[PDB]
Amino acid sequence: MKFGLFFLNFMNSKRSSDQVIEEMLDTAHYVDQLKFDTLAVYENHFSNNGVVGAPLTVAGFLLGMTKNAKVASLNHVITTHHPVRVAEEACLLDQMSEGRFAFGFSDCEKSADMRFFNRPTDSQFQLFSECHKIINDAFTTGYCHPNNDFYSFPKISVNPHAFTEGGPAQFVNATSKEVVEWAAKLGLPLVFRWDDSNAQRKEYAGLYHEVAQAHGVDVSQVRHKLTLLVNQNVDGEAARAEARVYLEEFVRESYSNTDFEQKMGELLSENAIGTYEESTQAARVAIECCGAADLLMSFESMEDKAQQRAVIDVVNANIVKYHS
């Protein structure tokens, strides 16, 4: 397996956007040297729960400041951005970094964002697919020629052309069944979300697998990713309490209909939170029920830098290093 790191960059009343970014940078540098495989960037708009609106811009600096690791967009929302712009941007990252960029994308998750980006809601999936078609066309051919109600424009050359044949590796955030089946037919690898339950995650995997074989897809060769929150404390009970506060607002905005306490409790126990073992096992379960080949972890919940790096070190030392 491959083990990497993701940054959510959640902000708060005390913990500022300035701080988070800096922490992100310091950590990135810290693990540069280690056995971590990839550094993923979470996109979020208009809220405390993620201060990175432009994952691609962040990826440029991250790639710029590094030489080792791979950098990826975790959930680049294509559905609310112009596909041509995405292609160009992704292409530039691919070239500048000589193929170290990985393109993680997603459909629009919040209705607000969609409306906010003057995007037709009633046909979201169609638009998402269309946006995707434009991007992949660019990646794979160097050009685009849409002729539809979403886009209609004279054939164009999209510069720069991909450094990596076929464009930078792609992956789809598993946000829904529609998207999952879509990805299965295309045979693209997914990204199972740390915010979802194990059940959901598994159902999703059963879905993809079913669809994918149904499409002549060699599943054994598909490397799904999984994201999980990591927070290890000798006092397992404290680990939970710390992540709880870190996820308060997220749970209160993202998972509204769903009763709070139940979800919050589910997250604390399903994520790699608690003591070493507790932590370690949760991870094993998660992987197990979703079949992911690679893991990405977020250690951000650990407000203690000394404690956080410590955790990072054992994980690399006790886990990572072995898979190499």
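Definition used throughout: the rigid core is the maximal C-alpha set that superposes within 1.5 Å between two forms. For every residue, the number given is its place in the sequence shown, counted from 1.
Fitting on the core, do the C-alphas of 249-257 or of 88-96 deviate more in 4 other deposited structures of this protein? Between 249-257 and 88-96, greater C-alpha deviation in 4 other deposited structures of this protein belongs to 249-257.
Would you say which of 212-220 and 231-239 moves more relative to the shown form in 4 other deposited structures of this protein, going by RMS C-alpha distance with the core superposed? The answer is 212-220, which departs more from the shown form in 4 other deposited structures of this protein.
Mean Cα B factor from the PDB record: higher for 113-121, or higher for 203-211? Going by the record's values, the stretch with the higher mean is 113-121.
Of 164-172 and 96-104, which one has the bigger average CA B-factor? Taking the mean B-factor of the alpha carbons in each, 164-172 is higher.
By the CA temperature factor listed in this entry, which of these ranks top: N231, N198, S254, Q221? Comparing C-alpha B-factors across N231, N198, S254, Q221, the maximum falls on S254.
C-alpha B-factor winner, where the candidates are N147, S73, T79, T227: Of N147, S73, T79, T227, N147 has the highest C-alpha B-factor.
For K133, return the chain-relative third of its C-alpha B-factor as stated in the PDB record: lowest, middle or highest. It falls in the top third of the chain.
Mind checking which third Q308 falls in for C-alpha B-factor across the chain? Its C-alpha B-factor belongs to the middle third of this chain's values.
Considering only modelled residues of the same chain, in which third does the CA B-factor of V217 rank: lowest, middle or highest? Highest third - that is where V217 ends up once the chain's C-alpha B-factors are sorted.
Place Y276 in the lowest, middle or highest third of its chain's C-alpha B-factors, as listed in the PDB entry. Ranked within chain, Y276 CA B lands in the lowest tercile.
By the recorded C-alpha temperature factor, relative to the other modelled residues in its chain, which third is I287 in? It falls in the middle third of the chain.
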